[PDB]
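So the structure is just underneath, and the comments pick up after that.
Nothing in this text is a laboratory measurement; each read-out follows from the coordinates by a stated rule. Ideal geometry is used to build each Cβ from the backbone, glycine not excepted, and the neighbour counts take in all protein chains shown.
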Number of protein chains: 2
Amino acid sequence: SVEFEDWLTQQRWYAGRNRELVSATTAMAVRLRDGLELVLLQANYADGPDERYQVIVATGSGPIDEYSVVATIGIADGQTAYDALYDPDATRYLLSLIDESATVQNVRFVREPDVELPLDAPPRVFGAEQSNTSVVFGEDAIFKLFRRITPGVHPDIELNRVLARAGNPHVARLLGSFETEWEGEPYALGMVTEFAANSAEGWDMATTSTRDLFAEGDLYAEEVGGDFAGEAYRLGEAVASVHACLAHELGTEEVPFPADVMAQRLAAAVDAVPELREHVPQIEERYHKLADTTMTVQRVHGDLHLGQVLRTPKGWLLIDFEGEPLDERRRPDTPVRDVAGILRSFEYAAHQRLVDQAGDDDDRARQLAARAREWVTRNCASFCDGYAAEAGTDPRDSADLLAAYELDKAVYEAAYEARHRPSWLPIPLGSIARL
Amino acid sequence: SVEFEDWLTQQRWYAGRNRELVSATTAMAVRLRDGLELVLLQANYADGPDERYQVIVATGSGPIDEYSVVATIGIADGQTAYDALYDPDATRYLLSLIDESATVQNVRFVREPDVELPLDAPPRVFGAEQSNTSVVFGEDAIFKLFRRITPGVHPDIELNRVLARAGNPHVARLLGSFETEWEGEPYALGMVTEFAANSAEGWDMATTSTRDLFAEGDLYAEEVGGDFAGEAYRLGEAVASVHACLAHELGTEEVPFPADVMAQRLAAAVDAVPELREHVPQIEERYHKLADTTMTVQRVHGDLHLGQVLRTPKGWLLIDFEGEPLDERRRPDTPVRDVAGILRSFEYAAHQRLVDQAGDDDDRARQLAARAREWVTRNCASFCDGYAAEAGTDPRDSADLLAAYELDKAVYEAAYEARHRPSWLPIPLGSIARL
């Protein structure tokens with residue numbers, strides 16, 4: 001009996017920052033401990049579909065004082081209710097429960113065949129995606145509560161298991177997890193995984209190389225010290241490694257190019273039409289060219305971009321197998337979609353900078369474009385080269401299949417950008433024109 | 001009728017965190033507005049004298065929505081009650097009452113002959129003393145709502161009013177106050193003052209000049225660019241200005257040196273004895289030398305050190321007339337005690353650094369001591385020179401009176417340091433040996 005309303009809309013994992021949330025009270029409460037309670041809250045909004053968020057709620061006192069605002073929830077007849085992801089004693093016990101590995105009533109915990117890192121110091125971690133909030137024990141293990149529960153299974157655990165038991169190097173090794181069978185279906189609630197302390201994002205690392213050419217430019221893409229090409233090639237065989245390993249356990253099948261399905265995507269994209277309608281016949285000509293042709297479908301990442309890729313010493317890591325309709329997310333697909341995602345991300349890394357270099361106006365942005373096109377096409381080459389070096393198959397060798405998915409990822413990029421951010425529209429439109 | 005007991009021990013201005021309280025109920029309530037209410041709450045413990053805290057309570061909605069945490073007091077059927085300090089429209093009013101300058105029932109709000117700064121964007125300052133909370137309207141003025149009410153007269157206000165009405169350029173012009181005569185004695189509940197934007201502490205400014213000589217040293221105290229001597233001289237005539245101006249309105253009296261009183265101080269100091277007992281006969285010889293001699297007593301600061309002094313563009317400012325037994329604090333004293341405080345503070349500024357330069361070991365700290373003694377004695381000279389340049393009287397001219405109070409301030413410094421911090425003890429002991 002605690003009015004979440006007020007703080008369940010301050011958090012930065014809450015989706016409906018625009019949605020107008022009418023009352024949003026509990027839909028489940030398992031008493032994990034005398035102090036804790038795994039509360040799964042249901043959020044009813046006028047003019048929307050209900051969303052379900054989870055929160056491990058603690059009472060008593062919720063320090064530190066360095067965390068009152070973010071964590072304090074409300075009065076609780078008559079102790080103070082906050083959330084336990086900010087109580088180091090209460091996080092220790094959640095992690096112990098995952099090692100037992102116990103089952104408190106409905107919420108069932110489960111650990112792999114490893115050795116977890118308890119009696120180690122935990123703080124929260126601050127890059128809080130709308131998916132999640134997460135504490136890190138020591139520098140050894142990182143626990144992650146999935147904030148918005150959608151019915152299991154959950155690929156990010158499903159894949160990191162099959163991929164780590166197979167012993168793929170490119171994966172943050174999974175340790176434990178926990179879920180619950182609310183109503184009909186299961187619900188993956190969180191996972192804990194080996195901690196890649198000393199990491200850096202791919203986008204952040206490409207952004208610094210794209211920064212290099214451009215600043216003090218007019219000196220060639222290959223000649224500059226910042227050259228990402230070598231690192232891009234390594235990232236290629238990294239993504240190819242996980243793909244080939246995933247295909248071994250997941251298996252492969254043959255299916256024809258989703259002509260009518262991907263036509264429906266390009267058709268709906270024309271709803272928020274620009275000059276995209278002018279390209280549409282030329283695009284449709286590229287689509288119906290590959291009609292009645294068979295591809296190979298594996299289990300894949302589903303949402304690859306430089307952001308979902310981390311660099312540690314001694315290796316590239318693939319994370320966030322989100323992937324993005326949970327049924328549709330698990331469905332297999334051509335790996336040409338994943339290499340399309342990375343190649344798509346390279347152009348965005350190079351030209352956000354050029355927009356930030358149109359920032360940054362006025363006279364000769366024409367030089368920067370020349371360097372960006374150089375950089376964009378060179379690391380895409382270096383990436384494909386490295387991918388092809390790992391598995392016998394070369395993605396560019398079967399170019400027509402790839403060029404289709406690149407065009408599709410641009411149509412989804414246009415619509416996803418155009419609605420949210422008008423300034424982006426030149427990036428999808430120009431790149432559509434480039435291909 | 002809101003139940004405070006549960007959150008008036010949660011605020012961290014609450015004194016009795018280690019007292020153990022019983023019924024902590026309200027003992028006054030003047031309704032300032034429709035939404036507001038000045039409420040002096042009385043805390044009745046068992047085994048410990050009662051205290052009294054205040055809190056202006058607002059009822060309705062309480063945003064900012066990010067601050068319902070440190071605010072939400074209780075649910076008084078049926079509107080929520082919370083403290084108004086986290087409300088900008090409610091402090092705008094608490095200020096517009098001090099400007100009125102109104103008087104609601106018991107609580108009288110007074111203002112000086114100035115113009116306060118309402119309709120100016122306010123936030124609360126997180127540097128919140130166990131005495132206070134405070135909001136800061138723009139870069140213009142700073143309100144300060146005393147959280148615990150001890151019975152007047154709060155001499156920091158009494159000595160600020162007198163000085164600013166006198167038109168002293170060396171203070172933080174007092175803009176308004178407010179108070180109430182509860183039971184018998186009066187209670188000063190708050191004050192608002194001219195906000196010194198673009199300021200810097202004296203200690204922080206001396207620390208940077210003491211940093212200069214020492215780093216890249218062996219180059220003389222006068223030759224280095226960092227030389228504080230010029231600024232010290234200005235600070236001299238600044239302190240002398242307020243003293244002479246204070247004596248005009250406060251008046252002067254003649255009294256003999258507190259031989260038996262200051263003997264009791266040196267006697268109690270010997271309780272936590274070191275080598276201080278060896279100096280004690282030589283110190284007592286300096287004390288009983290000035291016995292049966294008359295001095296001049298004015299109203300004074302009482303607690304001068306470089307920390308209680310601020311520098312703005314176009315002038316030095318004296319703040320925190322704390323001063324430090326409220327009866328004893330208001331009692332007049334020789335201004336030689338205040339110049340003793342500043343000269344005492346110069347040595348601490350120079351040798352904290354030398355301890356931080358013993359930090360910072362090992363071979364030739366003997367060089368740093370040579371520079372420190374140079375710096376300590378030169379800015380003490382420059383300060384006394386500037387003081388003497390303002391008022392006809394020179395403090396060093398009547399040296400014996402000053403040398404006594406310097407020795408006393410060292411005995412209080414030794415005992416105050418020794419109990420709290422053992423590492424300090426060489427500073428008082430060595431300086432006692434120096435004088």
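Below, the figures for the structure above:
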read-out: Spatial separation of Cα centroids for region B:246-291 and region A:94-136, in angstrom; value: 64
read-out: For B:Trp13, B:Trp375, order by how many other beta-carbon atoms lie within 10 Å, fewest first; value: B:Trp13, B:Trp375
read-out: Relative contact order [Cα under 8 Å, 6+ residues apart], region B:73-232, whole percent; value: 18
read-out: For B:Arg373, label point 7 Å along C-beta direction: distances to other copies, nm; value: 7.6
read-out: Theoretical gain in end-to-end length, A:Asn198 to A:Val22 [0.36 nm per residue, Cα-Cα removed]; value: 59.1 nm
read-out: Between region A:1-49 and region B:18-40, the Cα center-to-center distance that results, in Å; value: 33
read-out: Order of B:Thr293, A:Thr150 - criterion: other Cβ atoms within 10 Å of each residue's Cβ, fewest first; value: B:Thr293, A:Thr150
read-out: Residue order, fewest to most beta carbons within 10 Å, for A:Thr377, A:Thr294; value: A:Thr294, A:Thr377
read-out: Value of [θ]222 nm, deg cm²/dmol, for chain A, DSSP H segments ≥ 4, -39500 (n - 2.57) each, nearest 500; value: -12500 deg cm²/dmol
read-out: Dipole magnitude of the protein assembly as shown about its Cα centre (Cβ charges: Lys, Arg +1; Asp, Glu -1), debye to nearest 20; value: 140
read-out: Dipole magnitude of region B:155-196, debye to nearest 20 (Cβ charges: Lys/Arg +1, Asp/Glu -1, about Cα centre); value: 360
read-out: Modelled FRET efficiency - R0 30 Å, A:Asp360 with A:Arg434, Cβ distances, 0.05 increments; value: 0.90
read-out: Label-zone membership for region B:139-158, site B:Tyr45, 7 angstrom Cα→C-beta point, backbone N under 16 Å; value: B:148-150
read-out: Point-to-point label distance, A:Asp65-A:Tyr412, nm (Cα→Cβ direction, 7 Å offset); value: 4.9
read-out: Inter-copy spacing of A:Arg12 label points, which lie 7 Å from Cα along Cα→Cβ, given in nm from shortest upward; value: 1.9
read-out: Dipole of region B:267-392, positive direction: furthest Cα of B:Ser382, B:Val355, B:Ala267, with charges on the beta-carbon; value: B:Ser382
read-out: FRET efficiency for A:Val270 and B:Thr312, using Cβ-Cβ distance with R0 set to 51 Å, rounded to 0.05; value: 0.20
read-out: Three-way shape label, region A:28-119, alpha-carbon gyration tensor, a/c 1.5; value: oblate
read-out: Unit charges on C-beta of K, R, D, E only; dipole of region A:5-49, Debye; value: 180
read-out: Shortest-first nm distances, B:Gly60 label point to equivalent points in other copies (7 Å, Cα→Cβ); value: 3.9
read-out: Long-range HN-HN contacts of A:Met295 with modeled amide H, under 5 Å; value: A:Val255, A:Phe257
read-out: Reachable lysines from A:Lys289, criterion Cα separation under 25 angstrom, eight or more residues apart if same chain; value: A:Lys409
